[PDB]
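One chain is shown next in structure tokens, namely the form solved without the named molecule.
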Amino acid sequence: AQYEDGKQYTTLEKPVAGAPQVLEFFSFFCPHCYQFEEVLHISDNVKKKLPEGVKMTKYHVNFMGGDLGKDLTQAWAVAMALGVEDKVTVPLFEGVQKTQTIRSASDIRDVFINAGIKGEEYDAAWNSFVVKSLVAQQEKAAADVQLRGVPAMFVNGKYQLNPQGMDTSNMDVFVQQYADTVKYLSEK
């Protein structure tokens, strides 16, 4: 077959009932995740290959970066609660990996302030139980699939994208192959 289990994708040994249709996991410490955001725009290109209105979910993970890695999962919960993901994704990636100006929770908060989120607004979200639940939700989704590597994408709780089986001599071909695979999996 053109698409084969073990090539462009793998099949979860224990499917995840009730999982989101397209689920991405990333870390702001993750070098390929930086590329998936700034150079490849994987999420945008996958969205354009799926039908209008399908839900795509993107969660942060704890297992990279120690203390700050957990602070970033909580900050990503704030970003989701406030709806400001598009305002903070690039500054957080660059603060961690390019300028290395993010060394503490205060530095993370600075990124949101500079992006125009009010201080009182950020701190109330940071300390809220709604954000505690969003942190728990991100942890539970990663736990459900025994996640040990990012960037990862899962389709309908059953299939995991295998980008190591995609050719990377041409970045646009790679993005297209990745998005076409998601579309194929979503239609199974």
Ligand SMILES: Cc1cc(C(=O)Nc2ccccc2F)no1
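Residue positions are given as counts along the sequence shown, with the first one as 1. Take the two forms, find the largest set of C-alpha atoms that superpose within 1.5 Å, and that set is the rigid core.
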Stretch 164-172 versus stretch 16-24: after rigid core alignment, which one is farther off in C-alpha RMS in 5 other deposited structures of this protein?
164-172
Using only the Cα atoms and their B-factors as the entry lists them, report which of 51-59 and 128-136 averages higher.
51-59
Please compare 85-93 with 114-122 and name the stretch with the higher mean C-alpha B-factor in the deposited structure.
114-122
Top Cα B factor in the deposited entry, candidates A179, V22, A17, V173
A17
Just the C-alpha B-factor column, please: which of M64, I42, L147, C33 has the biggest number?
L147
Considering only modelled residues of the same chain, in which third does the CA B-factor of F28 rank: lowest, middle or highest?
lowest
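There is another form of this protein, the form solved in complex with the named molecule, and it is not shown here; the text below is about that form.
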Close approach of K58 to the named molecule in the deposited bound form, 4.5 Å, heavy atom
yes
Any non-hydrogen atom of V155 within 4.5 angstroms of the named molecule in the deposited bound form:
no
Touches the named molecule in the deposited bound form: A125 (any heavy atom, 4.5 Å):
no
Is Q74 close enough to the named molecule in the deposited bound form to count, meaning some heavy atom within 4.5 Å?
no
